[PDB]
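**Student:** One file is attached below, my_file.cif, containing mmCIF, C-alpha atoms and all ligand atoms.
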```cif
data_entry
loop_
_atom_site.label_atom_id
_atom_site.label_comp_id
_atom_site.auth_asym_id
_atom_site.auth_seq_id
_atom_site.Cartn_x
_atom_site.Cartn_y
_atom_site.Cartn_z
CA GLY B 1 16.94 -22.99 -9.69
CA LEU B 2 18.87 -21.24 -12.56
CA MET B 3 15.46 -19.76 -13.76
CA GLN B 4 15.51 -15.92 -13.66
CA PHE B 5 12.41 -13.89 -14.47
CA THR B 6 13.42 -11.11 -16.94
CA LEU B 7 11.29 -8.25 -18.28
CA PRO B 8 11.32 -6.37 -21.57
CA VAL B 9 14.00 -3.63 -21.60
CA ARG B 10 11.65 -0.65 -20.96
CA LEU B 11 10.18 -2.48 -17.87
CA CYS B 12 13.61 -3.81 -16.76
CA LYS B 13 14.83 -0.16 -16.49
CA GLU B 14 11.66 1.74 -15.38
CA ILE B 15 10.67 -0.86 -12.66
CA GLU B 16 13.65 0.43 -10.55
CA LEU B 17 12.13 3.96 -10.47
CA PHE B 18 9.64 5.01 -7.75
CA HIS B 19 7.10 6.37 -10.37
CA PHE B 20 6.86 3.10 -12.41
CA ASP B 21 3.28 2.15 -13.51
CA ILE B 22 2.81 -1.66 -13.73
CA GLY B 23 0.61 -1.19 -16.86
CA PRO B 24 -2.78 -2.52 -18.05
CA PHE B 25 -1.68 -6.15 -18.85
CA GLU B 26 -2.95 -8.07 -15.78
CA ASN B 27 -1.22 -11.33 -16.94
CA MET B 28 2.19 -9.63 -16.51
CA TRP B 29 1.65 -8.57 -12.81
CA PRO B 30 2.57 -11.98 -11.22
CA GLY B 31 5.86 -12.03 -13.18
CA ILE B 32 6.55 -8.39 -12.21
CA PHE B 33 6.08 -9.36 -8.51
CA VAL B 34 8.33 -12.49 -8.81
CA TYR B 35 10.99 -10.36 -10.60
CA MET B 36 10.87 -7.94 -7.62
CA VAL B 37 11.14 -10.72 -4.96
CA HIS B 38 14.15 -12.26 -6.85
CA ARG B 39 16.08 -8.91 -7.01
CA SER B 40 15.19 -7.56 -3.48
CA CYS B 41 15.25 -10.91 -1.57
CA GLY B 42 17.04 -13.48 -3.82
CA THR B 43 16.08 -16.39 -6.15
CA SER B 44 16.43 -18.67 -2.99
CA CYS B 45 13.95 -16.77 -0.66
CA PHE B 46 10.92 -18.86 -1.80
CA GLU B 47 10.27 -22.19 -3.59
CA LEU B 48 9.06 -20.86 -7.01
CA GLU B 49 6.18 -23.44 -7.21
CA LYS B 50 4.82 -22.36 -3.76
CA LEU B 51 5.36 -18.63 -4.49
CA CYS B 52 3.39 -18.89 -7.81
CA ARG B 53 0.57 -20.84 -6.09
CA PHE B 54 0.53 -18.25 -3.21
CA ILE B 55 0.40 -15.23 -5.68
CA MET B 56 -2.51 -16.77 -7.67
CA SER B 57 -4.56 -17.47 -4.45
CA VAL B 58 -3.85 -13.88 -3.27
CA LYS B 59 -5.04 -12.57 -6.66
CA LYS B 60 -8.23 -14.76 -6.49
CA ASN B 61 -9.01 -13.23 -3.02
CA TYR B 62 -8.92 -9.55 -4.28
CA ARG B 63 -12.35 -8.38 -5.54
CA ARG B 64 -13.38 -6.52 -8.74
CA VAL B 65 -13.79 -3.12 -7.00
CA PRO B 66 -12.64 0.11 -8.72
CA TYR B 67 -9.54 0.88 -6.53
CA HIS B 68 -8.88 -1.70 -3.70
CA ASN B 69 -8.09 -4.48 -6.24
CA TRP B 70 -5.25 -6.73 -7.41
CA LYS B 71 -3.60 -3.82 -9.40
CA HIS B 72 -3.44 -1.74 -6.12
CA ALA B 73 -1.85 -4.73 -4.33
CA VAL B 74 0.97 -5.06 -6.92
CA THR B 75 1.39 -1.23 -7.17
CA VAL B 76 1.87 -0.95 -3.35
CA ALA B 77 4.39 -3.88 -3.49
CA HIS B 78 6.40 -2.20 -6.31
CA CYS B 79 6.71 1.05 -4.21
CA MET B 80 8.06 -1.12 -1.30
CA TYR B 81 10.49 -2.82 -3.78
CA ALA B 82 11.80 0.66 -4.81
CA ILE B 83 12.24 1.68 -1.12
CA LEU B 84 14.07 -1.61 -0.28
CA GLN B 85 16.36 -1.42 -3.37
CA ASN B 86 17.39 2.23 -2.60
CA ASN B 87 18.14 1.29 1.11
CA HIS B 88 20.02 -2.04 0.49
CA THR B 89 21.88 -2.34 3.82
CA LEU B 90 19.19 -1.05 6.31
CA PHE B 91 16.84 -4.13 6.34
CA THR B 92 17.18 -7.75 7.56
CA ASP B 93 16.74 -10.89 5.38
CA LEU B 94 13.35 -11.48 7.16
CA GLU B 95 12.14 -7.87 6.62
CA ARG B 96 12.86 -8.07 2.84
CA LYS B 97 10.86 -11.42 2.67
CA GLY B 98 7.96 -10.21 4.88
CA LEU B 99 7.37 -6.64 3.58
CA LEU B 100 6.81 -7.48 -0.19
CA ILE B 101 4.35 -10.22 0.91
CA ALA B 102 2.72 -7.82 3.44
CA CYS B 103 2.24 -5.26 0.62
CA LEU B 104 0.79 -7.85 -1.83
CA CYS B 105 -1.60 -9.03 0.96
CA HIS B 106 -2.39 -5.69 2.71
CA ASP B 107 -5.96 -5.19 1.25
CA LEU B 108 -6.94 -8.91 0.72
CA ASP B 109 -10.74 -9.34 0.28
CA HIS B 110 -11.47 -5.58 0.48
CA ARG B 111 -15.10 -4.69 -0.43
CA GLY B 112 -14.53 -1.00 -1.40
CA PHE B 113 -15.90 0.24 1.98
CA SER B 114 -14.20 2.02 4.93
CA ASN B 115 -14.02 0.78 8.55
CA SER B 116 -16.61 3.54 9.35
CA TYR B 117 -19.17 2.15 6.86
CA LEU B 118 -18.79 -1.44 8.26
CA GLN B 119 -19.37 -0.06 11.82
CA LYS B 120 -22.50 1.91 10.76
CA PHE B 121 -23.84 -1.05 8.71
CA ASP B 122 -23.10 -3.28 11.76
CA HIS B 123 -21.15 -5.74 9.54
CA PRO B 124 -20.17 -8.98 11.36
CA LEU B 125 -16.44 -7.99 10.84
CA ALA B 126 -17.09 -4.86 13.03
CA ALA B 127 -18.07 -7.17 15.98
CA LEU B 128 -15.06 -9.52 15.46
CA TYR B 129 -12.58 -6.51 15.19
CA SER B 130 -13.56 -3.24 17.00
CA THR B 131 -10.58 -1.22 15.57
CA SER B 132 -8.69 -1.40 12.27
CA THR B 133 -11.64 -3.64 11.17
CA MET B 134 -10.63 -4.29 7.51
CA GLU B 135 -6.87 -4.48 8.33
CA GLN B 136 -7.33 -7.26 10.96
CA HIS B 137 -9.41 -9.03 8.26
CA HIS B 138 -6.60 -8.60 5.64
CA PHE B 139 -4.02 -10.17 8.03
CA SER B 140 -6.55 -12.99 8.83
CA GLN B 141 -6.98 -13.70 5.03
CA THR B 142 -3.14 -13.70 4.61
CA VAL B 143 -2.73 -16.39 7.33
CA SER B 144 -5.62 -18.46 5.74
CA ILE B 145 -3.88 -18.50 2.34
CA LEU B 146 -0.43 -19.28 3.93
CA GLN B 147 -2.11 -22.40 5.50
CA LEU B 148 -3.61 -23.74 2.22
CA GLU B 149 -1.70 -26.92 1.11
CA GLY B 150 1.33 -26.11 -1.13
CA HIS B 151 1.05 -22.38 -0.14
CA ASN B 152 3.51 -22.10 2.80
CA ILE B 153 6.21 -19.92 1.15
CA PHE B 154 7.89 -19.59 4.61
CA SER B 155 8.15 -23.44 5.18
CA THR B 156 12.03 -23.44 5.18
CA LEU B 157 12.13 -20.79 8.04
CA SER B 158 12.74 -21.98 11.66
CA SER B 159 9.84 -21.94 14.17
CA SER B 160 10.91 -18.51 15.58
CA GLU B 161 11.99 -16.94 12.21
CA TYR B 162 8.44 -17.96 11.06
CA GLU B 163 6.81 -16.21 14.08
CA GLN B 164 9.05 -13.13 13.49
CA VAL B 165 8.11 -12.75 9.75
CA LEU B 166 4.31 -13.26 10.52
CA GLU B 167 4.71 -10.53 13.20
CA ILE B 168 6.42 -8.15 10.66
CA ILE B 169 3.48 -8.84 8.25
CA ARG B 170 0.78 -8.27 10.93
CA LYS B 171 2.26 -4.92 12.11
CA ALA B 172 2.87 -3.88 8.43
CA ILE B 173 -0.81 -4.59 7.47
CA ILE B 174 -2.29 -3.00 10.68
CA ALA B 175 -0.15 0.14 9.93
CA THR B 176 -2.09 0.62 6.58
CA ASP B 177 -5.05 1.80 8.74
CA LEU B 178 -4.68 5.55 7.95
CA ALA B 179 -6.32 6.43 11.38
CA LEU B 180 -3.06 5.10 13.00
CA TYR B 181 -0.70 6.97 10.59
CA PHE B 182 -1.18 10.53 12.11
CA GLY B 183 -0.02 9.52 15.59
CA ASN B 184 2.72 7.26 14.20
CA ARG B 185 4.25 10.01 12.00
CA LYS B 186 4.07 12.59 14.93
CA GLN B 187 6.08 10.21 17.14
CA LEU B 188 8.60 9.57 14.32
CA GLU B 189 8.83 13.40 13.76
CA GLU B 190 9.71 13.98 17.47
CA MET B 191 12.17 11.04 17.68
CA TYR B 192 14.07 12.21 14.51
CA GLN B 193 14.18 15.91 15.70
CA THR B 194 15.32 15.21 19.35
CA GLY B 195 17.83 12.68 17.89
CA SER B 196 16.34 9.72 19.90
CA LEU B 197 15.46 7.72 16.67
CA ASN B 198 17.30 4.36 17.05
CA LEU B 199 17.02 1.57 14.39
CA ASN B 200 18.37 -1.11 16.83
CA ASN B 201 15.27 -0.38 18.96
CA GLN B 202 12.61 -2.85 17.60
CA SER B 203 9.69 -0.47 18.61
CA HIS B 204 11.46 2.21 16.47
CA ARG B 205 11.94 -0.12 13.44
CA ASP B 206 8.24 -1.04 13.77
CA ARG B 207 7.27 2.67 13.52
CA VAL B 208 9.57 3.20 10.48
CA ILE B 209 8.07 0.11 8.70
CA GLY B 210 4.61 1.54 9.53
CA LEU B 211 5.52 4.84 7.79
CA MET B 212 6.95 2.96 4.75
CA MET B 213 3.57 1.04 4.60
CA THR B 214 1.66 4.36 4.57
CA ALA B 215 4.10 5.70 1.92
CA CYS B 216 3.62 2.60 -0.33
CA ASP B 217 -0.16 2.53 0.23
CA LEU B 218 -0.51 6.22 -0.84
CA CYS B 219 1.97 5.91 -3.81
CA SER B 220 -0.74 6.87 -6.38
CA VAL B 221 0.12 10.53 -5.44
CA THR B 222 3.83 9.87 -6.40
CA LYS B 223 3.19 8.84 -10.04
CA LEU B 224 3.38 10.96 -13.20
CA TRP B 225 0.43 13.38 -13.43
CA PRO B 226 -1.68 11.35 -15.98
CA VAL B 227 -1.45 8.18 -13.75
CA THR B 228 -2.25 10.21 -10.55
CA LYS B 229 -5.20 11.95 -12.24
CA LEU B 230 -6.71 8.66 -13.62
CA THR B 231 -6.23 6.67 -10.33
CA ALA B 232 -8.12 9.50 -8.49
CA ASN B 233 -11.32 8.54 -10.50
CA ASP B 234 -11.05 4.94 -9.15
CA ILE B 235 -10.53 6.22 -5.59
CA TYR B 236 -13.59 8.54 -5.68
CA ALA B 237 -15.73 5.86 -7.49
CA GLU B 238 -15.44 3.76 -4.28
CA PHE B 239 -16.01 6.78 -1.94
CA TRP B 240 -19.21 7.84 -3.83
CA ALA B 241 -20.62 4.22 -3.82
CA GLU B 242 -19.97 4.29 0.01
CA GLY B 243 -21.68 7.72 0.21
CA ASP B 244 -24.68 6.23 -1.68
CA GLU B 245 -24.82 3.29 0.85
CA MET B 246 -24.60 5.78 3.80
CA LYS B 247 -27.65 7.57 2.30
CA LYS B 248 -29.41 4.15 2.11
CA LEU B 249 -28.83 3.78 5.93
CA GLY B 250 -30.32 7.35 6.38
CA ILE B 251 -26.96 9.15 7.04
CA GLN B 252 -25.63 12.19 5.10
CA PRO B 253 -22.12 11.04 4.12
CA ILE B 254 -19.11 13.42 4.55
CA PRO B 255 -18.67 15.61 1.39
CA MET B 256 -15.63 13.44 0.29
CA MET B 257 -18.10 10.53 -0.30
CA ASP B 258 -21.05 12.58 -1.69
CA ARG B 259 -21.18 12.38 -5.53
CA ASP B 260 -23.36 15.56 -5.48
CA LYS B 261 -20.25 17.47 -4.25
CA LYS B 262 -17.85 16.35 -7.11
CA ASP B 263 -16.94 20.06 -7.67
CA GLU B 264 -15.00 20.24 -4.34
CA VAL B 265 -12.65 17.33 -5.45
CA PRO B 266 -9.73 19.64 -6.50
CA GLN B 267 -9.94 21.42 -3.04
CA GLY B 268 -10.30 17.98 -1.31
CA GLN B 269 -7.11 16.73 -3.05
CA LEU B 270 -5.23 19.88 -1.77
CA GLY B 271 -6.30 19.16 1.86
CA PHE B 272 -5.19 15.52 1.44
CA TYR B 273 -1.73 16.43 -0.05
CA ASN B 274 -1.22 19.05 2.76
CA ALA B 275 -2.60 16.99 5.74
CA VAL B 276 -1.49 13.41 4.75
CA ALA B 277 0.75 12.87 1.69
CA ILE B 278 3.42 15.67 1.99
CA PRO B 279 3.94 15.14 5.77
CA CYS B 280 4.18 11.35 5.09
CA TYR B 281 6.90 11.56 2.35
CA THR B 282 8.69 14.48 4.22
CA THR B 283 9.22 12.39 7.43
CA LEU B 284 10.07 9.33 5.24
CA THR B 285 12.76 11.38 3.39
CA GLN B 286 14.23 12.59 6.78
CA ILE B 287 14.54 8.97 8.07
CA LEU B 288 15.49 7.38 4.67
CA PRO B 289 17.11 10.02 2.44
CA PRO B 290 17.12 7.92 -0.79
CA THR B 291 13.20 7.96 -0.80
CA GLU B 292 13.32 11.70 -1.75
CA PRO B 293 11.97 11.08 -5.31
CA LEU B 294 8.60 10.14 -3.63
CA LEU B 295 8.38 13.60 -1.88
CA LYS B 296 9.48 15.38 -5.11
CA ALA B 297 6.82 13.49 -7.20
CA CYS B 298 4.13 14.25 -4.53
CA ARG B 299 5.02 17.99 -4.55
CA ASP B 300 4.79 18.01 -8.42
CA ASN B 301 1.25 16.45 -8.24
CA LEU B 302 0.19 18.96 -5.49
CA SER B 303 1.28 21.74 -7.88
CA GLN B 304 -0.76 20.06 -10.73
CA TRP B 305 -3.93 20.08 -8.45
CA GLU B 306 -3.27 23.79 -7.71
CA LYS B 307 -3.20 24.33 -11.53
CA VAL B 308 -6.54 22.47 -11.86
CA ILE B 309 -8.10 24.85 -9.28
CA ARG B 310 -6.76 28.00 -11.16
CA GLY B 311 -8.57 26.59 -14.28
CA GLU B 312 -5.14 26.14 -16.08
CA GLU B 313 -6.49 22.54 -16.71
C1 LIG T 1 -3.78 7.67 -2.53
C2 LIG T 1 -4.98 8.48 -2.10
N1 LIG T 1 -5.59 8.07 -1.02
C3 LIG T 1 -6.59 8.91 -0.81
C4 LIG T 1 -7.56 8.96 0.24
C5 LIG T 1 -8.48 9.97 0.24
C6 LIG T 1 -8.57 10.96 -0.83
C7 LIG T 1 -9.67 11.98 -0.77
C8 LIG T 1 -9.11 13.32 -0.21
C9 LIG T 1 -10.30 14.20 0.04
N2 LIG T 1 -11.18 14.58 -0.89
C10 LIG T 1 -12.12 15.35 -0.18
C11 LIG T 1 -13.31 15.95 -0.80
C12 LIG T 1 -13.58 15.80 -2.17
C13 LIG T 1 -14.74 16.32 -2.77
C14 LIG T 1 -15.65 17.04 -2.00
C15 LIG T 1 -15.37 17.23 -0.65
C16 LIG T 1 -14.23 16.69 -0.03
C17 LIG T 1 -11.83 15.42 1.17
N3 LIG T 1 -10.60 14.70 1.32
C18 LIG T 1 -9.79 14.53 2.57
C19 LIG T 1 -7.67 10.94 -1.82
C20 LIG T 1 -7.62 11.90 -2.96
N4 LIG T 1 -6.65 9.92 -1.79
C21 LIG T 1 -5.55 9.62 -2.64
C22 LIG T 1 -5.20 10.47 -3.87
MG MG T 2 -6.35 -0.87 3.31
ZN ZN T 3 -4.19 -0.22 0.31
#
```
What's the structure tokens form of this structure?

**Tutor:**
Amino acid sequence: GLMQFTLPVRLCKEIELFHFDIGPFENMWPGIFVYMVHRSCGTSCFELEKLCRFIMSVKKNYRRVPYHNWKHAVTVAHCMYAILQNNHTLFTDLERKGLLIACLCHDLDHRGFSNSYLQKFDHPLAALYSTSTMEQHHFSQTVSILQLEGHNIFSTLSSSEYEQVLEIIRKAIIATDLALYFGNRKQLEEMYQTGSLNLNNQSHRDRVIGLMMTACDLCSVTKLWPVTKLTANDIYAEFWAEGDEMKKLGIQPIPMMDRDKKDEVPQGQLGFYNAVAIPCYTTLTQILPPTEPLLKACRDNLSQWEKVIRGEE
């Protein structure tokens, strides 16, 4: 009960910054996550024994793929921790609880393949879930683990507080389907600009949590250049494996997934920063001004990709 988690001084200070890298020591990531729950939620949010057992079952259910792995889960949760800590008074007790768990769980049991590949392979999961295939699976795996004995971290919540948090988590995880982000950000753009955005309106809060989920999920583009550059290799290593599997089904993959077209990566990153990342962190900064360091870091990385194209590195 009087048991803090504490971190070495360099981590204690840097973990509060949006651009923090959780580092290569896997055995420290559980403690980093518990540290973040304790500071953003409280030492009383979860029974430590249950939380530790829940974290280790979540870890066990992430696969050894190059990008959509346990490191990505904890990275996306740290970005959410940074957003929550810079926007102290905007979020409910239940939202603080639900969103760090949602982030840790959002890619549970990912196989390194897109919704599109599952649909073309005719994977069983594509028949069970016609849209946001992997994301409905991730929520389903979250509920499974919550129902393991000794794993219900929400046990002290009332019946209706419990249903509310599981509903925050479901919407948060569904929102990580990037196909839904474009529409969601357009609506948030219009609401903010006509002045109709209202954070007492639940359907509005939902949209804003959706955008935060996109922002955390994409946070590799908000790191220092050497982190951003090295994560991009992991990201393309999955896409190219998927491209290879598309070719096995007799389908030319899109160039993004075709390892023969590696040369167009710098130009593909530009498109991505311009069409997805910058718009994402721009609208997030408009709604939540203290998240501006994410937009600034993203702009700095776009400018580094421009330098790569000009052969200045
Ligand atoms: C967090 C993060 N999430 C993602 C998701 C997708 C992409 C890939 C962008 C991208 N490359 C291409 C491309 C590359 C080589 C040849 C032809 C086309 C097209 N397109 C849209 C990146 C870089 N991401 C990052 C950095
Ligand atoms: Mg995902
Ligand atoms: Zn993800």

**Student:** Have a look at CA of residue 82 (chain B) and CA of residue 104 (chain B) and let me know their distance in Å, one decimal.

**Tutor:** 14.2 Å

**Student:** Give me, as a PDB file with C-alpha atoms, keeping the file's coordinate frame, all polymer residues having an atom no more than 10 Å from region 34-38 of chain B, counting only C-alpha atoms and skipping those fewer than 3 positions away in the same chain.

**Tutor:**
```
ATOM      1  CA  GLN B   4      15.510 -15.920 -13.660  1.00  0.00           C
ATOM      2  CA  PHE B   5      12.410 -13.890 -14.470  1.00  0.00           C
ATOM      3  CA  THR B   6      13.420 -11.110 -16.940  1.00  0.00           C
ATOM      4  CA  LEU B   7      11.290  -8.250 -18.280  1.00  0.00           C
ATOM      5  CA  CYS B  12      13.610  -3.810 -16.760  1.00  0.00           C
ATOM      6  CA  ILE B  15      10.670  -0.860 -12.660  1.00  0.00           C
ATOM      7  CA  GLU B  16      13.650   0.430 -10.550  1.00  0.00           C
ATOM      8  CA  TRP B  29       1.650  -8.570 -12.810  1.00  0.00           C
ATOM      9  CA  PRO B  30       2.570 -11.980 -11.220  1.00  0.00           C
ATOM     10  CA  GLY B  31       5.860 -12.030 -13.180  1.00  0.00           C
ATOM     11  CA  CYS B  41      15.250 -10.910  -1.570  1.00  0.00           C
ATOM     12  CA  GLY B  42      17.040 -13.480  -3.820  1.00  0.00           C
ATOM     13  CA  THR B  43      16.080 -16.390  -6.150  1.00  0.00           C
ATOM     14  CA  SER B  44      16.430 -18.670  -2.990  1.00  0.00           C
ATOM     15  CA  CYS B  45      13.950 -16.770  -0.660  1.00  0.00           C
ATOM     16  CA  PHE B  46      10.920 -18.860  -1.800  1.00  0.00           C
ATOM     17  CA  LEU B  48       9.060 -20.860  -7.010  1.00  0.00           C
ATOM     18  CA  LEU B  51       5.360 -18.630  -4.490  1.00  0.00           C
ATOM     19  CA  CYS B  52       3.390 -18.890  -7.810  1.00  0.00           C
ATOM     20  CA  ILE B  55       0.400 -15.230  -5.680  1.00  0.00           C
ATOM     21  CA  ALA B  77       4.390  -3.880  -3.490  1.00  0.00           C
ATOM     22  CA  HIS B  78       6.400  -2.200  -6.310  1.00  0.00           C
ATOM     23  CA  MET B  80       8.060  -1.120  -1.300  1.00  0.00           C
ATOM     24  CA  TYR B  81      10.490  -2.820  -3.780  1.00  0.00           C
ATOM     25  CA  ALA B  82      11.800   0.660  -4.810  1.00  0.00           C
ATOM     26  CA  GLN B  85      16.360  -1.420  -3.370  1.00  0.00           C
ATOM     27  CA  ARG B  96      12.860  -8.070   2.840  1.00  0.00           C
ATOM     28  CA  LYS B  97      10.860 -11.420   2.670  1.00  0.00           C
ATOM     29  CA  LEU B 100       6.810  -7.480  -0.190  1.00  0.00           C
ATOM     30  CA  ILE B 101       4.350 -10.220   0.910  1.00  0.00           C
TER      31      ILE B 101
END
```

**Student:** Pick from B:289, B:226, B:98, B:112: nearest to residue 161 (chain B), with all atoms listed in the file counted?

**Tutor:** B:98

**Student:** Put the listed atoms of region 232-240 of chain B in a box along x, y and z with 6 Å added on every side and give me the centre and edge lengths in Å to one decimal, as AutoDock Vina command-line options.

**Tutor:**
```
--center_x -13.7 --center_y 6.6 --center_z -6.2 --size_x 23.1 --size_y 17.7 --size_z 20.6
```

**Student:** Please indicate the distance in Å from CA of residue 84 (chain B) to CA of residue 291 (chain B), rounded to one decimal place.

**Tutor:** 9.6 Å

**Student:** Could you please determine the separation between CA of residue 132 (chain B) and CA of residue 177 (chain B) in Å, to one decimal place?

**Tutor:**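 That distance, rounded to one decimal, is 6.0 Å.
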
**Student:** For residue 87 (chain B), which residue out of B:189, B:1, B:212, B:9 is the nearest one, using all atoms listed in the file?

**Tutor:**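 Among the listed residues, the smallest separation from residue 87 (chain B) belongs to B:212.
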
**Student:** Please extract the residues at most 9 Å from ligand MG 2 (chain T), counting all atoms listed in the file, and provide them as a PDB file with C-alpha atoms, in the coordinates of the input, using the chain letters and residue numbers of this document.

**Tutor:**
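Ended up saving to pocket.pdb:
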```pdb
ATOM      1  CA  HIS B  68      -8.880  -1.700  -3.700  1.00  0.00           C
ATOM      2  CA  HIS B 106      -2.390  -5.690   2.710  1.00  0.00           C
ATOM      3  CA  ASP B 107      -5.960  -5.190   1.250  1.00  0.00           C
ATOM      4  CA  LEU B 108      -6.940  -8.910   0.720  1.00  0.00           C
ATOM      5  CA  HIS B 110     -11.470  -5.580   0.480  1.00  0.00           C
ATOM      6  CA  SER B 114     -14.200   2.020   4.930  1.00  0.00           C
ATOM      7  CA  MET B 134     -10.630  -4.290   7.510  1.00  0.00           C
ATOM      8  CA  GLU B 135      -6.870  -4.480   8.330  1.00  0.00           C
ATOM      9  CA  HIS B 138      -6.600  -8.600   5.640  1.00  0.00           C
ATOM     10  CA  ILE B 173      -0.810  -4.590   7.470  1.00  0.00           C
ATOM     11  CA  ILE B 174      -2.290  -3.000  10.680  1.00  0.00           C
ATOM     12  CA  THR B 176      -2.090   0.620   6.580  1.00  0.00           C
ATOM     13  CA  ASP B 177      -5.050   1.800   8.740  1.00  0.00           C
ATOM     14  CA  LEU B 178      -4.680   5.550   7.950  1.00  0.00           C
ATOM     15  CA  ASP B 217      -0.160   2.530   0.230  1.00  0.00           C
TER      16      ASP B 217
END
```

**Student:** Step by step, measure atom-to-atom distances between ligand LIG 1 (chain T) and each residue using all atoms listed in the file, keep those at most 10 Å, then write them as a PDB file with C-alpha atoms, in the coordinates of the input.

**Tutor:**
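See pocket-v9.pdb below for the written result:
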```pdb
ATOM      1  CA  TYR B  67      -9.540   0.880  -6.530  1.00  0.00           C
ATOM      2  CA  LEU B 178      -4.680   5.550   7.950  1.00  0.00           C
ATOM      3  CA  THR B 214       1.660   4.360   4.570  1.00  0.00           C
ATOM      4  CA  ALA B 215       4.100   5.700   1.920  1.00  0.00           C
ATOM      5  CA  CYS B 216       3.620   2.600  -0.330  1.00  0.00           C
ATOM      6  CA  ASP B 217      -0.160   2.530   0.230  1.00  0.00           C
ATOM      7  CA  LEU B 218      -0.510   6.220  -0.840  1.00  0.00           C
ATOM      8  CA  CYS B 219       1.970   5.910  -3.810  1.00  0.00           C
ATOM      9  CA  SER B 220      -0.740   6.870  -6.380  1.00  0.00           C
ATOM     10  CA  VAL B 221       0.120  10.530  -5.440  1.00  0.00           C
ATOM     11  CA  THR B 222       3.830   9.870  -6.400  1.00  0.00           C
ATOM     12  CA  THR B 228      -2.250  10.210 -10.550  1.00  0.00           C
ATOM     13  CA  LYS B 229      -5.200  11.950 -12.240  1.00  0.00           C
ATOM     14  CA  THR B 231      -6.230   6.670 -10.330  1.00  0.00           C
ATOM     15  CA  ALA B 232      -8.120   9.500  -8.490  1.00  0.00           C
ATOM     16  CA  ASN B 233     -11.320   8.540 -10.500  1.00  0.00           C
ATOM     17  CA  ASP B 234     -11.050   4.940  -9.150  1.00  0.00           C
ATOM     18  CA  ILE B 235     -10.530   6.220  -5.590  1.00  0.00           C
ATOM     19  CA  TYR B 236     -13.590   8.540  -5.680  1.00  0.00           C
ATOM     20  CA  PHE B 239     -16.010   6.780  -1.940  1.00  0.00           C
ATOM     21  CA  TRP B 240     -19.210   7.840  -3.830  1.00  0.00           C
ATOM     22  CA  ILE B 254     -19.110  13.420   4.550  1.00  0.00           C
ATOM     23  CA  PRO B 255     -18.670  15.610   1.390  1.00  0.00           C
ATOM     24  CA  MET B 256     -15.630  13.440   0.290  1.00  0.00           C
ATOM     25  CA  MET B 257     -18.100  10.530  -0.300  1.00  0.00           C
ATOM     26  CA  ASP B 258     -21.050  12.580  -1.690  1.00  0.00           C
ATOM     27  CA  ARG B 259     -21.180  12.380  -5.530  1.00  0.00           C
ATOM     28  CA  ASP B 260     -23.360  15.560  -5.480  1.00  0.00           C
ATOM     29  CA  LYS B 261     -20.250  17.470  -4.250  1.00  0.00           C
ATOM     30  CA  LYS B 262     -17.850  16.350  -7.110  1.00  0.00           C
ATOM     31  CA  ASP B 263     -16.940  20.060  -7.670  1.00  0.00           C
ATOM     32  CA  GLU B 264     -15.000  20.240  -4.340  1.00  0.00           C
ATOM     33  CA  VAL B 265     -12.650  17.330  -5.450  1.00  0.00           C
ATOM     34  CA  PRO B 266      -9.730  19.640  -6.500  1.00  0.00           C
ATOM     35  CA  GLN B 267      -9.940  21.420  -3.040  1.00  0.00           C
ATOM     36  CA  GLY B 268     -10.300  17.980  -1.310  1.00  0.00           C
ATOM     37  CA  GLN B 269      -7.110  16.730  -3.050  1.00  0.00           C
ATOM     38  CA  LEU B 270      -5.230  19.880  -1.770  1.00  0.00           C
ATOM     39  CA  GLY B 271      -6.300  19.160   1.860  1.00  0.00           C
ATOM     40  CA  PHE B 272      -5.190  15.520   1.440  1.00  0.00           C
ATOM     41  CA  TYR B 273      -1.730  16.430  -0.050  1.00  0.00           C
ATOM     42  CA  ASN B 274      -1.220  19.050   2.760  1.00  0.00           C
ATOM     43  CA  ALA B 275      -2.600  16.990   5.740  1.00  0.00           C
ATOM     44  CA  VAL B 276      -1.490  13.410   4.750  1.00  0.00           C
ATOM     45  CA  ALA B 277       0.750  12.870   1.690  1.00  0.00           C
ATOM     46  CA  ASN B 301       1.250  16.450  -8.240  1.00  0.00           C
TER      47      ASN B 301
END
```

**Student:** Determine the nearest neighbour of ligand ZN 3 (chain T) from the options B:308, B:90, B:103, B:22, counting all atoms listed in the file.

**Tutor:**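 The shortest atom-to-atom distance to ligand ZN 3 (chain T) comes from B:103.
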
**Student:** Applying 12 Å and all atoms listed in the file, which residues near residue 124 (chain B) remain after dropping the ones on its own chain fewer than 6 positions away? List them as a PDB file with C-alpha atoms, keeping the file's coordinate frame.

**Tutor:**
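Written out: result_39.pdb:
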```
ATOM      1  CA  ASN B 115     -14.020   0.780   8.550  1.00  0.00           C
ATOM      2  CA  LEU B 118     -18.790  -1.440   8.260  1.00  0.00           C
ATOM      3  CA  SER B 130     -13.560  -3.240  17.000  1.00  0.00           C
ATOM      4  CA  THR B 133     -11.640  -3.640  11.170  1.00  0.00           C
ATOM      5  CA  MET B 134     -10.630  -4.290   7.510  1.00  0.00           C
ATOM      6  CA  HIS B 137      -9.410  -9.030   8.260  1.00  0.00           C
TER       7      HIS B 137
END
```

**Student:** Have a look at B:131, B:57, B:155, B:75 and name the one nearest to ligand ZN 3 (chain T); count all atoms listed in the file.

**Tutor:** B:75

**Student:** Pick from B:230, B:105, B:65, B:145: nearest to ligand ZN 3 (chain T), with all atoms listed in the file counted?

**Tutor:**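 Closest residue, counting all atoms listed in the file: B:105.
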
**Student:** Which polymer residues have any atom within 9 Å of an atom of residue 54 (chain B), counting all atoms listed in the file, with same-chain residues fewer than 2 positions away left out, as an MDAnalysis selection string?

**Tutor:** chainID B and resid 49:52 56:59 145:146 148 150:153

**Student:** Go through B:99, B:310, B:200, B:227 one by one, measure the shortest atom-to-atom distance of each to residue 23 (chain B) using all atoms listed in the file, and give the residue with the smallest value.

**Tutor:**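 Going through B:99, B:310, B:200, B:227 one by one, the smallest distance to residue 23 (chain B) is for B:227.
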